[PDB]
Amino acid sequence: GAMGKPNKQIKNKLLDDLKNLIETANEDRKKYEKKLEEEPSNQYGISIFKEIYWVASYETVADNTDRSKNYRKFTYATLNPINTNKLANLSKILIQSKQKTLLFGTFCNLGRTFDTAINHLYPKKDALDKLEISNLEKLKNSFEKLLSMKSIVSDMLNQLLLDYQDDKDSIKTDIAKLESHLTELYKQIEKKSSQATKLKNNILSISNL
């Protein structure tokens, strides 16, 4: 009979959902790691890296230092889905950002938050059955939401290319409108980035395996 609810099954769908998000996150990671390993001398034409200095330093985010290579890697994590040959156009647009140091900082932060999450979870992708079912669900939701945040930001940056292309809202022919459009875009991205930190901490706090 007689209209039943089942736990072991609810758990299995969450586990399978998790092993799939983790696998797909990991491919994303292998792709941005490769994007750094195979970085051209001109860094895909992202010339903005050469104008972003570490806090009390002449060293740029372009330089050949571990911290500078990670910065660029975490940036590539955020720019990962955009075709590598459009990055120079994206860069040329962002040069006109009033906040490019902050904007590139959120790129990096997003990529790093993501990388920290998949780095934590990847090795545990068969130990997740150890979790209480309820924070398995919280884990699954937080991680799915975190991947989603990163996608939305890559979509927004890809959309900026097309809107510039098409002069959406005069951004291509009126520099003042581009600037305030880039400013709004920074606010939005910064927000996703804060949200991403939260989610990452959620994930870490309840998956101490």
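Counting begins at 1, following the sequence as shown.
Gap between residue 5 and residue 6: 1 to 3 deposited residues without coordinates. Remark: stretch with higher mean C-alpha B factor among 153 to 161 and 168 to 176 is 168 to 176. Look at the C-alpha B-factors of 19 to 27 and of 6 to 14. On average they run higher in 6 to 14. Sorting 131, 117, 139, 94 by the CA temperature factor given in the entry leaves 131 at the top. Residues shown: 32, 44, 49, 58. Highest C-alpha temperature factor in the entry: 58.
In the PDB entry, a CA B factor belonging to the lowest third of its chain's modelled residues is recorded for residue 112. Ranked by C-alpha B-factor against the other modelled residues of its chain, residue 98 falls in the highest third. Per the deposited record, the Cα B-factor of residue 89 falls in the middle third when ranked against the other modelled residues of its chain.
Among all modelled residues in this chain, the alpha-carbon of residue 70 has a temperature factor (C-alpha) in the lowest third.
Annotation for residue 38: CA B-factor lies in the middle third of the chain's modelled residues.
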